[PDB]
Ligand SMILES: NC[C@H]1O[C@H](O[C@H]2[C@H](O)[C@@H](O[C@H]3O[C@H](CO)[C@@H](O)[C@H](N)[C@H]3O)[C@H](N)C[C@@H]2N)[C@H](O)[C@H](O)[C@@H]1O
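Only one chain is shown below, in structure tokens, and it's the form solved without the ligand.
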């Protein structure tokens, strides 16, 4: 399991959490020195538990699929909550079984559906450590519209930061003041599966992507990533989605 406490949190302690998160995800191989997530994992070992505590010390446990860093559901006191999607229903066979009741949220976990439920795109939702405290607090008691927004914050501040050093740094910058994600952050989130795939295809292609990935950079400028020498690959991406899952 990994844990993070908002009470007393700072950029260093959040960095320790994101490092713990990455280090809890199993891998057998690195591809261009980046851990390659597993094609599949059977049974309960598929799911990592993240214990998150709000500033007041209240807690939720979040279940994360270790093959793809997708959040499946969460436990809040004696109630479990899972996305309305088959992977989460399967997760519910293994985690949080001792919950007194199980609620299926009225959306799947992909960004498009969550944004629909929340009423707003994530361009417009501030993220940060204070936003993560709020999210944890929201998820403690069911409210499906509020929860959609909370879940967009939680996904970005945990899973997306684990995937991309740039996103981790963005959240660190927002340790004490929330701000909407940069356009680069959104671009990276949206590109993770594409990037993961092209980095793996590059292994037999002399480091060259079969298909270039278009990203927005730190200045709002739109670049084409064509090979493994790009800083996105050498510095930024921290985890690859196995091409067996793409």
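Positions refer to the first chain, counted from 1.
The discussion below concerns the form deposited with the ligand bound, not included here.
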**Study point:** Shown-form site status with respect to the ligand as positioned in the entry with it bound after superposition (2.4 Å backbone/C-beta criterion, 3+ atoms)
**Key:** blocked
Study note, to complete from the structure: Checked 75, 71, 129, 148 for heavy atoms within 4.5 Å of the ligand in the entry with it bound; positive is 71
Study note, to complete from the structure: Picking from 108, 104, 172, 79, the single residue whose non-hydrogen atoms come within 4.5 angstroms of the ligand in the entry with it bound is 108
Point to revise | Option from 172-180, 139-147, 95-103, 159-167 whose residues, in the entry with it bound, bring a heavy atom within 4.5 Å of the ligand | key: 159-167
Check your understanding: Quick one: does residue 155 come within 4.5 Å of the ligand in the entry with it bound, counting heavy atoms only?
Key -> yes
